[PDB]
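Enquirer: Take this structure first; my questions come after.
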Number of protein chains: 2
Amino acid sequence: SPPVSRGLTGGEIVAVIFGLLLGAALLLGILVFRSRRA
Amino acid sequence: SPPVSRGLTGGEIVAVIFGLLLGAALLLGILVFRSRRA
């Protein structure tokens with residue numbers, strides 16, 4: 001887990017969690033509103 | 001979506017899509033594997 005200039009950087013981590021969280025989160029929501037908003 | 005700096009970098013983009021793609025993808029799967037594989 002290097003600082004920078006490598007295949008791993010702070011922006012890379014925060015980026016993955018950003019799309020992974022908002023991605024799955026929003027996905028679940030829409031799925032619930034689809035036809036099971038209980 | 002600049003090449004560097006500006007709080008936006010190549011690694012940041014690929015990172016978001018990485019967790020976003022695998023995030024929702026894996027999510028939807030488990031949802032169908034739970035008890036509704038139709």
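Simple scheme: letters A, B, ... for chains in structure tokens order, numbers from 1 for residues in each chain, numbers from 1 for ligands in the order shown.
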Least-squares fit on all C-alpha atoms, paired in order: put chain A onto chain B and return it as a PDB file with N, CA and C atoms, in the first residue's frame.
Expert:
```
ATOM      1  N   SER A   1     -11.836  17.277 -16.823  1.00  0.00           N
ATOM      2  CA  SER A   1     -11.223  15.955 -16.761  1.00  0.00           C
ATOM      3  C   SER A   1      -9.716  16.042 -16.985  1.00  0.00           C
ATOM      4  N   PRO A   2      -8.996  16.543 -15.970  1.00  0.00           N
ATOM      5  CA  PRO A   2      -7.540  16.690 -16.030  1.00  0.00           C
ATOM      6  C   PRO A   2      -6.819  15.347 -16.008  1.00  0.00           C
ATOM      7  N   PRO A   3      -5.530  15.360 -16.377  1.00  0.00           N
ATOM      8  CA  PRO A   3      -4.702  14.151 -16.407  1.00  0.00           C
ATOM      9  C   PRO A   3      -4.398  13.621 -15.009  1.00  0.00           C
ATOM     10  N   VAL A   4      -3.923  14.504 -14.137  1.00  0.00           N
ATOM     11  CA  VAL A   4      -3.594  14.126 -12.768  1.00  0.00           C
ATOM     12  C   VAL A   4      -3.390  15.356 -11.891  1.00  0.00           C
ATOM     13  N   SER A   5      -3.082  15.125 -10.620  1.00  0.00           N
ATOM     14  CA  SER A   5      -2.866  16.215  -9.676  1.00  0.00           C
ATOM     15  C   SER A   5      -4.146  17.018  -9.470  1.00  0.00           C
ATOM     16  N   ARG A   6      -5.285  16.372  -9.692  1.00  0.00           N
ATOM     17  CA  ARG A   6      -6.579  17.025  -9.532  1.00  0.00           C
ATOM     18  C   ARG A   6      -7.579  16.095  -8.853  1.00  0.00           C
ATOM     19  N   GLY A   7      -8.829  16.537  -8.767  1.00  0.00           N
ATOM     20  CA  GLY A   7      -9.860  15.733  -8.138  1.00  0.00           C
ATOM     21  C   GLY A   7     -10.372  14.634  -9.047  1.00  0.00           C
ATOM     22  N   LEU A   8      -9.765  14.509 -10.223  1.00  0.00           N
ATOM     23  CA  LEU A   8     -10.167  13.492 -11.187  1.00  0.00           C
ATOM     24  C   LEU A   8      -8.949  12.871 -11.864  1.00  0.00           C
ATOM     25  N   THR A   9      -8.818  11.553 -11.740  1.00  0.00           N
ATOM     26  CA  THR A   9      -7.699  10.837 -12.341  1.00  0.00           C
ATOM     27  C   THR A   9      -8.146   9.496 -12.911  1.00  0.00           C
ATOM     28  N   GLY A  10      -7.346   8.951 -13.824  1.00  0.00           N
ATOM     29  CA  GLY A  10      -7.677   7.675 -14.430  1.00  0.00           C
ATOM     30  C   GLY A  10      -8.015   6.612 -13.402  1.00  0.00           C
ATOM     31  N   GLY A  11      -7.197   6.522 -12.357  1.00  0.00           N
ATOM     32  CA  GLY A  11      -7.430   5.536 -11.318  1.00  0.00           C
ATOM     33  C   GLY A  11      -8.756   5.741 -10.612  1.00  0.00           C
ATOM     34  N   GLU A  12      -9.177   6.996 -10.500  1.00  0.00           N
ATOM     35  CA  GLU A  12     -10.436   7.322  -9.840  1.00  0.00           C
ATOM     36  C   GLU A  12     -11.624   6.814 -10.653  1.00  0.00           C
ATOM     37  N   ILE A  13     -11.545   6.976 -11.968  1.00  0.00           N
ATOM     38  CA  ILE A  13     -12.614   6.534 -12.857  1.00  0.00           C
ATOM     39  C   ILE A  13     -12.734   5.014 -12.859  1.00  0.00           C
ATOM     40  N   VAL A  14     -11.628   4.339 -13.160  1.00  0.00           N
ATOM     41  CA  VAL A  14     -11.608   2.882 -13.194  1.00  0.00           C
ATOM     42  C   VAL A  14     -12.004   2.295 -11.844  1.00  0.00           C
ATOM     43  N   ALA A  15     -11.699   3.024 -10.775  1.00  0.00           N
ATOM     44  CA  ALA A  15     -12.024   2.578  -9.426  1.00  0.00           C
ATOM     45  C   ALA A  15     -13.531   2.592  -9.192  1.00  0.00           C
ATOM     46  N   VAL A  16     -14.171   3.698  -9.556  1.00  0.00           N
ATOM     47  CA  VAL A  16     -15.612   3.840  -9.385  1.00  0.00           C
ATOM     48  C   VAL A  16     -16.364   2.762 -10.158  1.00  0.00           C
ATOM     49  N   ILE A  17     -15.977   2.561 -11.413  1.00  0.00           N
ATOM     50  CA  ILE A  17     -16.613   1.558 -12.256  1.00  0.00           C
ATOM     51  C   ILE A  17     -16.351   0.150 -11.732  1.00  0.00           C
ATOM     52  N   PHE A  18     -15.199  -0.033 -11.096  1.00  0.00           N
ATOM     53  CA  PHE A  18     -14.828  -1.332 -10.545  1.00  0.00           C
ATOM     54  C   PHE A  18     -15.751  -1.717  -9.392  1.00  0.00           C
ATOM     55  N   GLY A  19     -15.917  -0.801  -8.441  1.00  0.00           N
ATOM     56  CA  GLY A  19     -16.771  -1.064  -7.300  1.00  0.00           C
ATOM     57  C   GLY A  19     -18.243  -0.966  -7.644  1.00  0.00           C
ATOM     58  N   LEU A  20     -18.568  -0.122  -8.617  1.00  0.00           N
ATOM     59  CA  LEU A  20     -19.952   0.065  -9.040  1.00  0.00           C
ATOM     60  C   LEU A  20     -20.455  -1.156  -9.806  1.00  0.00           C
ATOM     61  N   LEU A  21     -19.602  -1.703 -10.664  1.00  0.00           N
ATOM     62  CA  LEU A  21     -19.959  -2.875 -11.456  1.00  0.00           C
ATOM     63  C   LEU A  21     -19.981  -4.131 -10.590  1.00  0.00           C
ATOM     64  N   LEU A  22     -18.829  -4.472 -10.023  1.00  0.00           N
ATOM     65  CA  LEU A  22     -18.715  -5.649  -9.169  1.00  0.00           C
ATOM     66  C   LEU A  22     -19.644  -5.540  -7.964  1.00  0.00           C
ATOM     67  N   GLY A  23     -19.915  -4.308  -7.540  1.00  0.00           N
ATOM     68  CA  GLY A  23     -20.788  -4.091  -6.402  1.00  0.00           C
ATOM     69  C   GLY A  23     -22.229  -4.450  -6.702  1.00  0.00           C
ATOM     70  N   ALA A  24     -22.795  -3.822  -7.727  1.00  0.00           N
ATOM     71  CA  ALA A  24     -24.175  -4.080  -8.115  1.00  0.00           C
ATOM     72  C   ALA A  24     -24.328  -5.481  -8.697  1.00  0.00           C
ATOM     73  N   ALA A  25     -23.351  -5.895  -9.497  1.00  0.00           N
ATOM     74  CA  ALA A  25     -23.378  -7.213 -10.117  1.00  0.00           C
ATOM     75  C   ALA A  25     -23.507  -8.311  -9.065  1.00  0.00           C
ATOM     76  N   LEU A  26     -22.537  -8.371  -8.159  1.00  0.00           N
ATOM     77  CA  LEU A  26     -22.540  -9.375  -7.100  1.00  0.00           C
ATOM     78  C   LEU A  26     -23.803  -9.267  -6.252  1.00  0.00           C
ATOM     79  N   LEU A  27     -24.221  -8.036  -5.976  1.00  0.00           N
ATOM     80  CA  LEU A  27     -25.418  -7.796  -5.178  1.00  0.00           C
ATOM     81  C   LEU A  27     -26.634  -8.473  -5.799  1.00  0.00           C
ATOM     82  N   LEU A  28     -26.812  -8.279  -7.101  1.00  0.00           N
ATOM     83  CA  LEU A  28     -27.935  -8.872  -7.817  1.00  0.00           C
ATOM     84  C   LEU A  28     -27.879 -10.395  -7.752  1.00  0.00           C
ATOM     85  N   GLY A  29     -26.690 -10.948  -7.974  1.00  0.00           N
ATOM     86  CA  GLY A  29     -26.524 -12.389  -7.934  1.00  0.00           C
ATOM     87  C   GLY A  29     -27.010 -12.992  -6.630  1.00  0.00           C
ATOM     88  N   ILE A  30     -26.437 -12.540  -5.521  1.00  0.00           N
ATOM     89  CA  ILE A  30     -26.817 -13.042  -4.207  1.00  0.00           C
ATOM     90  C   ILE A  30     -28.321 -12.921  -3.984  1.00  0.00           C
ATOM     91  N   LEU A  31     -28.892 -11.808  -4.434  1.00  0.00           N
ATOM     92  CA  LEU A  31     -30.323 -11.569  -4.288  1.00  0.00           C
ATOM     93  C   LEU A  31     -31.131 -12.640  -5.014  1.00  0.00           C
ATOM     94  N   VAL A  32     -30.625 -13.080  -6.162  1.00  0.00           N
ATOM     95  CA  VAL A  32     -31.297 -14.104  -6.952  1.00  0.00           C
ATOM     96  C   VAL A  32     -31.171 -15.474  -6.296  1.00  0.00           C
ATOM     97  N   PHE A  33     -30.010 -15.735  -5.702  1.00  0.00           N
ATOM     98  CA  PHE A  33     -29.760 -17.010  -5.040  1.00  0.00           C
ATOM     99  C   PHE A  33     -30.452 -17.060  -3.680  1.00  0.00           C
ATOM    100  N   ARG A  34     -30.812 -15.890  -3.163  1.00  0.00           N
ATOM    101  CA  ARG A  34     -31.480 -15.800  -1.870  1.00  0.00           C
ATOM    102  C   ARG A  34     -32.687 -16.731  -1.815  1.00  0.00           C
ATOM    103  N   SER A  35     -33.623 -16.534  -2.739  1.00  0.00           N
ATOM    104  CA  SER A  35     -34.828 -17.353  -2.793  1.00  0.00           C
ATOM    105  C   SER A  35     -35.620 -17.069  -4.066  1.00  0.00           C
ATOM    106  N   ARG A  36     -34.914 -16.991  -5.189  1.00  0.00           N
ATOM    107  CA  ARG A  36     -35.549 -16.725  -6.474  1.00  0.00           C
ATOM    108  C   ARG A  36     -34.588 -17.009  -7.625  1.00  0.00           C
ATOM    109  N   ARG A  37     -33.920 -18.157  -7.563  1.00  0.00           N
ATOM    110  CA  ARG A  37     -32.970 -18.546  -8.598  1.00  0.00           C
ATOM    111  C   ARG A  37     -33.693 -19.143  -9.802  1.00  0.00           C
ATOM    112  N   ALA A  38     -34.485 -18.319 -10.479  1.00  0.00           N
ATOM    113  CA  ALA A  38     -35.230 -18.765 -11.650  1.00  0.00           C
ATOM    114  C   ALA A  38     -34.612 -18.222 -12.934  1.00  0.00           C
TER     115      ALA A  38
END
```
Enquirer: Write out as a ChimeraX atom specification the set of residues from chain A that DSSP, computed on the backbone, places in helix (DSSP H, G or I).
Expert: /A:10-35
